[PDB]
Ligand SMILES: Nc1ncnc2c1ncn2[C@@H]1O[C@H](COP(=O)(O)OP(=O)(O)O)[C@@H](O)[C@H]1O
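We begin with a single chain expressed as structure tokens, specifically the form deposited without the ligand.
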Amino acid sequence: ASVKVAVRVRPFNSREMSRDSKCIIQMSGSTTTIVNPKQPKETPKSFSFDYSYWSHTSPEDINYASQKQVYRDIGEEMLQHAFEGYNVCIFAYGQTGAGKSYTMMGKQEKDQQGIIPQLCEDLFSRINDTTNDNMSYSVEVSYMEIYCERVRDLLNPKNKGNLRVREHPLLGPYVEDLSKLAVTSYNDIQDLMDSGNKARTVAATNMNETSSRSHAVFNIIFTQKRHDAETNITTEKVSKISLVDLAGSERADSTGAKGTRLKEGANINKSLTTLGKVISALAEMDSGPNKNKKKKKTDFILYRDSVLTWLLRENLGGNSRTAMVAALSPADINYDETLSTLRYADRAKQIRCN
């Protein structure tokens, strides 16, 4: 259960550049550091992660990572593992305005594009190249939102009813009557994404006007089949690529409201804790076979706590691979949000400070 954690910093936006803002993030090698504007004289906080990505300006001859570099680091290997008949999971995290949309999607200039467009383009190009008389391929897409431990369909324009989760004894957890649509190239894996994003639940709080309120899961089911020169033709190769947009954590102080606005956040925080523990187990499990060969006991990772793990069971365990990317805001104003994101990233394969 390979785990990779990457922390990226976005450049200044229009609002930050309009004011006389300052940068409070420094990064070198494989280490990140922040300084508190409130009390500059105490000490700089430091953390270590598996990947660090500085992105402020173009030339930046020391420690600059274009989108191609991070794609080659994470997405290319993830897709390569996907093709050989295995499950794949990619997580995005970051507070509102941290720039997770910049990381995953990017701009449409065809020179700086995110992980999703690059991955989809490489997938469709490889499928188009390899499709000979024997091989054949199929791809299916679905999109859903998890919200107060209830699952809703974003693609279907039907009534926003709560679907029922089931456990097929062979195929594992799944959702009943979840909309599924066929796709053929990149143009489609988007219009679907835009339509699903338009339907997501969202409200306004004291922190931001358009702060999200629910987790989103984007499932790509990839099926292969090989037509041999005989009657015995079987697929035997079904892969799942999961892309999870995780809503940000929040304090009850920042969410200065009572009632539903509190409740959602509380439940959100619960998921944002338990998933951490699960991945905190996998990484440790991953270290077992790797170095000390600890196999004794399934060490059954707790898996049913909430719904978000109990639906991604097949994708996050077994022999799958997991990447997680956390966006940071370099503005001095958002010190607490950045510190919270960095501390959350510090979990899930903690690494000492070198």
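One-based numbering along the sequence shown. By rigid core we mean the largest C-alpha set that fits within 1.5 Å across both forms.
The protein also exists as the form deposited with the ligand bound; that form is not presented, and the subsequent description refers to it.
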item: 4.5 angstroms heavy atom contact with the ligand in the bound PDB entry for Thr210; value: yes
item: Partner contact for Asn13 in the bound PDB entry: the ligand, 4.5 angstroms, heavy atom; value: yes
item: Contact label in the bound PDB entry: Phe222 to the ligand, heavy atom within 4.5 Å; value: no
item: Non-hydrogen atom contact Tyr64 with the ligand in the bound PDB entry at 4.5 angstroms; value: yes
item: Check all three, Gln190, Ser195 and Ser242, heavy atom within 4.5 Å of the ligand in the bound PDB entry; value: no
item: Candidate stretches 273-281, 93-101, 227-235, 75-83 - the one whose heavy atoms come within 4.5 Å of the ligand in the bound PDB entry; value: 93-101
item: Listed residue that, although the ligand is not shown, lies within 4.5 Å of it in the bound PDB entry (heavy atoms), from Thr32, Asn315, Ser55, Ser306; value: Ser55
item: Core-fitted Cα difference of 2 Å or more between this form and the one not shown, single residue among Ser58, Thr298, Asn319, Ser30; value: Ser58
item: Core-superposed comparison between this form and the one not shown, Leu171 Cα displacement 2 Å or beyond; value: no
item: Large Cα move at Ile233 between this form and the one not shown, threshold 2 Å, rigid core; value: yes
item: Displaced residue check between this form and the one not shown: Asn128, CA, 2 Å or over, core reference; value: no
item: Pairwise C-alpha change, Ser30 versus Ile62, in the bound PDB entry against this form - closer or farther, 3 angstroms or more; value: farther
item: Inter-Cα distance between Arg15 and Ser58 in the bound PDB entry, nearer or further [3 Å or more]; value: closer
